[PDB]
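Each chain, letter by letter, is given below.
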Amino acid sequence: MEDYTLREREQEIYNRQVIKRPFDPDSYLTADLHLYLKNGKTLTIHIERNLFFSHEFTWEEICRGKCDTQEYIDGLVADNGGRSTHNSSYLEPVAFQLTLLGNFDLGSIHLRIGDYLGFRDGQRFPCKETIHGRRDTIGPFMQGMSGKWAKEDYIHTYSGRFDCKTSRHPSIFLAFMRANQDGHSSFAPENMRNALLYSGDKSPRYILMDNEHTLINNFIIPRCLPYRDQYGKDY
Amino acid sequence: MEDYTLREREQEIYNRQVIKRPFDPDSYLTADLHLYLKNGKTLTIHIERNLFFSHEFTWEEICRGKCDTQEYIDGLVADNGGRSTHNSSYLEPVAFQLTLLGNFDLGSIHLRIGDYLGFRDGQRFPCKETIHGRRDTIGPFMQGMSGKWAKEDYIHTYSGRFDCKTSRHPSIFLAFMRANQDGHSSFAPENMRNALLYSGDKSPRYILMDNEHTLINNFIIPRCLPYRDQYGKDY
Amino acid sequence: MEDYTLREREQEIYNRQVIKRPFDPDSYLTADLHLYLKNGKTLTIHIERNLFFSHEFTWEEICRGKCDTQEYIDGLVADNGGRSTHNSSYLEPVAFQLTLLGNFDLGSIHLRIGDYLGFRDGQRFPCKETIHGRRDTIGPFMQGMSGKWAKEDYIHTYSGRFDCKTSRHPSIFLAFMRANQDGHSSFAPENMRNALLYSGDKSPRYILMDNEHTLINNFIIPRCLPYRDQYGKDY
Ligand SMILES: Nc1ncnc2c1ncn2[C@@H]1O[C@H](COP(=O)(O)OP(=O)(O)OP(=O)(O)O)[C@@H](O)[C@H]1O
Ligand SMILES: Nc1ncnc2c1ncn2[C@@H]1O[C@H](COP(=O)(O)OP(=O)(O)OP(=O)(O)O)[C@@H](O)[C@H]1O
Ligand SMILES: Nc1ncnc2c1ncn2[C@@H]1O[C@H](COP(=O)(O)OP(=O)(O)OP(=O)(O)O)[C@@H](O)[C@H]1O
Ligand SMILES: Nc1ncnc2c1ncn2[C@@H]1O[C@H](COP(=O)(O)OP(=O)(O)OP(=O)(O)O)[C@@H](O)[C@H]1O
Ligand SMILES: Nc1ncnc2c1ncn2[C@@H]1O[C@H](COP(=O)(O)OP(=O)(O)OP(=O)(O)O)[C@@H](O)[C@H]1O
Ligand SMILES: Nc1ncnc2c1ncn2[C@@H]1O[C@H](COP(=O)(O)OP(=O)(O)OP(=O)(O)O)[C@@H](O)[C@H]1O
Ligand SMILES: [Mg+2]
Ligand SMILES: [Mg+2]
Ligand SMILES: [Mg+2]
Ligand SMILES: [Mg+2]
Ligand SMILES: [Mg+2]
Ligand SMILES: [Mg+2]
Ligand SMILES: [Mg+2]
Ligand SMILES: [Mg+2]
Ligand SMILES: [Mg+2]
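Basis of the calculations
Residues numbered from 1 in each chain as written, not as in the entry; some residues may be left out. Chains lettered and ligands numbered in written order. Heavy atoms only, no water. Near = heavy atom within 4 Å. Polar contact = N/O pair within 3.5 Å; in protein donor to acceptor, adjacent residues only side chain to side chain. Areas by Shrake-Rupley, 256 points an atom, 1.4 Å probe, with all protein chains shown as cover. Contact = heavy atoms within 4.5 Å. Buried area = accessible area lost by both parts, 1.4 Å probe. Salt bridge = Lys/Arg side-chain N within 4 Å of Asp/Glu carboxyl O. Helix = DSSP H or I, 4+ residues; strand = E, 2+ residues; numbered from the N terminus. Pairing = 2+ DSSP bridges. Axes fitted to C-alpha atoms, helices over the stretch in contact; angles between N-to-C directions. UniProt positions renumbered as here; feature names shortened; annotations may be inferred. Buried < 20%, exposed > 50% of the residue type's maximum accessible area, 1.4 Å probe, protein only. Nonpolar A, V, L, I, M, F, W, Y, C, P; charged D, E, K, R; others polar.

Its PDB record attributes the structure to X-ray crystallography, giving the resolution as 1.816 Å.

Listed below in C-alpha cells is the structure:
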C-alpha cells in the first residue's frame with residue numbers, strides 16, 4: 001500500500017509551511033474592519049501590511065468607501081451648529097467587526113472610534129487629547145476563533161456597535177504592528193530603509209457586499225480569511 | 001473663611017497640568033490651516049499629530065475639501081496649454097492663516113506654496129528642485145498671540161495672501177515636528193516602532209464655515225484653539 | 001577674441017552643477033508612471049520624493065485620477081460574483097511606461113501590478129502572500145535612454161502592457177529609494193527625523209493629456225524629463 005509515501009511526507013511539510021506562514025516576517029498582516037450598514041449591506045475595509053499600519057478612517061471614507069450632506073456634517077462638527085433635518089445619516093454603519101489573520105503584536109492594536117472630528121471618550125479639546133485613550137487598546141478584548149484557522153494563535157476578532165459609548169457617527173483610528181519575539185528590531189537602523197520602502201503595500205480596499213452571507217461566500221471563504229457571522233459561527 | 005482651601009489648591013495644580021499639557025510628549029500638536037474663500041466662507045484644514053506631520057495638499061484637496069474643471073487644470077499644468085475660458089477658479093482661496101497650538105519645533109515647520117504641480121519659488125524643473133526652498137521655513141516669521149493662551153509659548157500664527165509671490169492657484173506642502181530639548185530621540189531605535197504606529201492619528205479634517213465669525217464661534221472658541229481674526233484680534 | 005573667458009568657465013561649472021544635481025541628497029527623485037488609455041489619451045502619475053516612496057495605486061486612483069461601476073467592481077473583487085454586462089472598463093489603461101530621473105537605487109524599485117484587490121502573480125490568498133513577488137523588482141529590466149539626458153546614469157525606462165501576465169484591470173504598487181554609496185544612512189538615528197519630516201513632499205499628481213504628442217510637448221519637454229515615445233525615440 002501507499003499508506004505513508006514520500007509524496008505524502010512532502011505534502012505534510014508543505015502544510016506546515018503554509019500554516020506557519022503568517023509568522024514569516026516577509027508575509028502580510030491582514031486586518032478586516034467589517035462595517036454593517038443600514039440597508040443590510042456590508043462594507044469591509046481590507047488592509048494588508050507587512051510590518052505596521054496607522055490610519056484614521058474619516059466619516060467620509062467610511063460613509064462612501066451634497067449641500068444636504070454638508071448641512072449634516074455641520075452638525076457633527078459643532079453641537080447644534082448645522083441646519084440638517086435628520087439626526088443621523090442613512091450611510092452610517094450600525095455595528096462593526098475587526099478580525100485579524102497575522103502574527104500581530106496584540107499590544108500594538110489600537111481601535112479608537114470617535115466623532116466626525118476624531119474626538120473620543122468624550123474628550124473634545126485638542127489641548128487635552130492624547131494618543132492614548134480609554135477605549136483604545138483592544139488587544140485583551142480580542143477573542144480567539146475556530147473555523148478554518150481553528151487551533152492557531154494568529155486569528156482574533158473584536159466587535160461592537162456604534163452607540164453612544166463610542167460614537168454613532170464615527171471616524172475610526174486603526175493601528176497595529178507585527179510581533180517580534182527576537183532581539184533584532186525591524187525598525188532598527190539596519191531595517192528602517194525596508195520599514196518605509198514597503199510601508200505602502202497594500203492600500204486599504206473598501207469592499208461592499210449585498211449582505212453578510214454574500215460577504216462570507218464571495219470574500220471571506222474564497223480568500224481563506226477568518227470571520228464570525230452574526231450567529232457566532234466562525235469560518 | 002474658605003479663602004485658601006485644599007480644594008482650591010488641587011484646582012490650581014490641575015490648571016497647571018492643563019496649561020502645560022502641550023509639552024506632554026503623548027499629547028497632540030495641533031495645526032490649523034485656514035483658507036479664505038471667494039464667497040466669504042472659510043475652509044479650515046485641521047490637523048492633529050503626536051510627533052510629526054508631512055503632507056502636500058493638492059489643488060484638488062484644497063478646492064473641494066468636470067470637463068470645465070479639467071480644461072482649467074490643463075492650463076495650470078502647462079503654460080498656455082488649456083482651453084479654459086476663465087483665468088482663475090471660483091474655488092481657489094485668496095488668503096490663508098496657519099495657526100499652531102502645540103510644543104512645535106519652530107525650525108521644523110515648512111509651508112511651501114506652489115502651483116498646481118507643486119512648483120515653488122519660480123523653480124519649474126524637477127531636476128533643479130530641492131526639498132529646501134526660499135519661502136519655506138516660516139518659523140522665524142511666526143508671531144505669538146494673546147487670547148485664551150496669552151502668555152504661553154506654544155501658540156503661533158502666520159498668514160498671507162495667495163498672490164504672485166507664491167501662487168494664486170495653489171498646492172501647499174506642510175510639515176512639522178514636535179520639539180525635543182532632551183537627549184533621547186523620539187525617532188531613536190527604541191522609539192521608531194511608536195513614531196510609525198501613531199503616525200496616522202489623526203487624519204486631516206476639512207472644515208467649511210459660512211464665514212469667519214461662524215468659524216470662530218462654532219470651532220475656534222469651543223475647541224479652545226488660538227485664532228487671529230481679520231481685525232487682528234487674538235482668541 | 002573671447003574664445004575662453006571667465007564668463008564661459010563659470011557657465012561650464014554651472015552646467016556640471018546642474019547635470020550632477022540629481023546626485024545631490026537634497027534633490028528629488030522623479031518618477032513618472034505613464035498609463036495609456038483606451039481613447040488615446042495619456043494619464044501620467046507624476047511623483048517627486050527626496051528619499052523614498054511607497055504607495056499602491058488602487059483601481060480607483062488609476063481609473064479616475066455608479067451602480068454600473070459598482071457592479072463591475074463586484075466582478076473584479078470575486079470571480080463570477082458581479083452582475084455587470086461588460087468584461088472590462090473603458091477607463092482601464094492598456095499599457096504603461098515607468099520612467100525615472102534621479103539617483104535611484106535600482107534594487108529598491110518595486111512595481112507590482114495586481115488585480116483589483118492587489119493580488120499579483122496569481123497568488124490570491126492573503127495568508128500565502130509576501131512583500132516579494134515574481135514580477136516585482138524591475139531594476140535589472142530598466143533600460144537606459146538617450147534624449148536630453150543621454151550619457152547620464154540616472155535615467156531609466158521600463159514599459160509593458162496590462163495583459164494576463166500581470167493584470168488587465170490593475171492596481172499598481174510602486175516603491176523606490178534614493179541610492180547611497182556612502183557609509184552614513186539617511187535613515188540613521190540622526191536622520192530619521194528628516195526622513196519623515198520630508199516624507200510627504202510631493203503628493204502624486206495625476207496628469208491627463210489628450211495624446212502622447214501632447215504629453216511630450218506640454219509636459220515631458222518643458223519640464224525637462226526623459227521619455228521614450230511609442231516609436232522608441234528618447235527625449
Ligand atoms: N479628580 C477626579 N476624581 C474622581 N473622578 C474623576 C476625577 N477626574 C476625572 N474623573 C472621572 O473619570 C472619568 C473619565 O474622565 P476623563 O476622561 O475626562 O479623565 P480625567 O482624569 O479628567 O482626564 P483629563 O485631565 O484629561 O480630563 C469620568 O467619569 C470622570 O468623572
Ligand atoms: N515560527 C514561529 N514563529 C513564531 N511563533 C511560532 C512559530 N512556530 C510556532 N509558533 C508558536 O507556537 C505555537 C505552537 O506551534 P506548533 O503548531 O508547531 O506546535 P504543536 O505541537 O502543534 O502544538 P500547538 O497545539 O500549540 O499547535 C503556535 O501556535 C505559535 O503561536
Ligand atoms: N550667479 C548669480 N548672480 C547673481 N544673482 C543670481 C545668480 N544666480 C541666481 N541669482 C538670482 O537669485 C534669485 C533666485 O534665483 P534661483 O531661485 O533660480 O536661485 P539660483 O541660485 O539660480 O539656484 P538654481 O541653480 O537652483 O537655479 C533670482 O533673483 C536670480 O536672478
Ligand atoms: N514641562 C515643560 N516642558 C517644556 N517646556 C516647559 C515646561 N514647563 C515650562 N516650560 C517652558 O518654560 C516657560 C515658563 O514656564 P512657567 O509658566 O512654569 O513659568 P512662570 O514662572 O509662570 O514664568 P512664565 O512667565 O515664563 O510662564 C513656558 O512658557 C515653557 O516654554
Ligand atoms: N514543488 C514544486 N515543484 C515544481 N514546480 C512548482 C512547485 N511549486 C510551485 N511550482 C511552480 O512554480 C510556479 C509559481 O508557483 P507559485 O507562485 O504558486 O510558487 P510556489 O513555490 O508554489 O509558492 P507558494 O508556496 O507561496 O504557493 C508555478 O509554475 C508552479 O507550478
Ligand atoms: N557626485 C556624485 N555622486 C554620485 N555619483 C557620481 C557623482 N559624480 C559622478 N558620479 C558617477 O560617475 C559618472 C561619471 O561622472 P562624470 O560625468 O563626472 O565623468 P566623465 O569623465 O564625464 O565620464 P562619464 O562619461 O562617465 O560621464 C556619473 O554618470 C555618475 O554615475
Ligand atoms: Mg515550495
Ligand atoms: Mg476630565
Ligand atoms: Mg498547531
Ligand atoms: Mg486628574
Ligand atoms: Mg536659477
Ligand atoms: Mg506661564
Ligand atoms: Mg549658483
Ligand atoms: Mg504555489
Ligand atoms: Mg558624464
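1. A few points about the site of ligand 6
Residue and element names in this part refer to chain C. Taken together, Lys20, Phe23 and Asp153 make up the full set of residues adjacent to ligand 6. Here an oxygen atom of ligand 6 and a side-chain polar atom of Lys20 are 3.1 Å apart. Isolated, ligand 6 exposes 600 Å² of accessible area, and the fraction of that covered by the protein chains is 31%.

2. Looking at the interface of chain B and chain A
The interface of chain B with chain A comprises 34 residues on the first partner and 39 residues on the second. Carbon and sulfur atoms supply 58% of the area buried between chain B and chain A, which totals about 3,300 Å² over both sides. Sorting the residues of chain B by area buried against chain A places B:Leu197, B:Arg205 and B:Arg223 first, and these three jointly supply 23% of that buried surface. A salt bridge links B:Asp201 to A:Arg112; the nearest nitrogen and oxygen atoms lie 3.8 Å apart. Counting every contact that joins chain B to chain A gives 22 residue pairs in polar contact. Counting only elements with at least two residues in the side of chain B that touches chain A, the list comes to helix 1 (6–19), strand 2 (42–49), helix 4 (192–197), strand 8 (205–209) and helix 5 (212–220) of chain B. Tallying contributions element by element places strand 8 of chain B first for the side of chain B that touches chain A, with five residues.

3. Side note on the sheet that holds strand 3 (residues 52–57) of chain B
Residues and elements named next belong to chain B. In space, the three strands of this open sheet follow the order 3-7-5, with antiparallel pairing throughout. For this open sheet the edge positions go to strand 3 and strand 5 (110–114), each flanked by a neighbour on one side alone. When strand polarity is set aside, the average angle formed by the axes of neighbouring strands in this sheet is 5°.

4. A look at the UniProt feature "binding site: ATP 2" (unreviewed entry) in chain A
Residues and elements named next belong to chain A. According to UniProt, the "binding site: ATP 2" (unreviewed entry) feature falls on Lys20, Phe23 and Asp153. By the element assignment, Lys20 lies in the loop between helix 1 (6–19) and strand 1 (29–36). The partly exposed category is assigned to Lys20, whose relative accessible area is 43%. Within the secondary structure, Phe23 sits in the loop between helix 1 and strand 1. For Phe23, a relative accessible area of 37% gives the class partly exposed. Not counting the four nearest positions on each side in its chain, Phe23 is found in contact with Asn103, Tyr154 and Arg178.

5. Some details on the interface of chain C and chain A
If you look at the interface, chain C gives 39 residues, while chain A gives 34 residues. Summed over both sides, the interface of chain C with chain A buries roughly 3,200 Å², with 58% coming from carbon and sulfur. Taken together, the links from chain C to chain A amount to four salt bridges. Residue C:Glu129 pairs with A:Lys202 through a salt bridge whose shortest N-O separation is 2.9 Å. The tally of links from chain C across to chain A stands at 22 residue pairs in polar contact. Put simply, the parts of the chain that give the side of chain C that touches chain A at least two residues each are strand 3 (52–57), helix 3 (67–77), strand 5 (110–114), strand 7 (171–177) and helix 4 (192–197) of chain C. Class assignment of the residues belonging to the side of chain C that touches chain A gives a composition of 19 nonpolar, eleven polar and nine charged.

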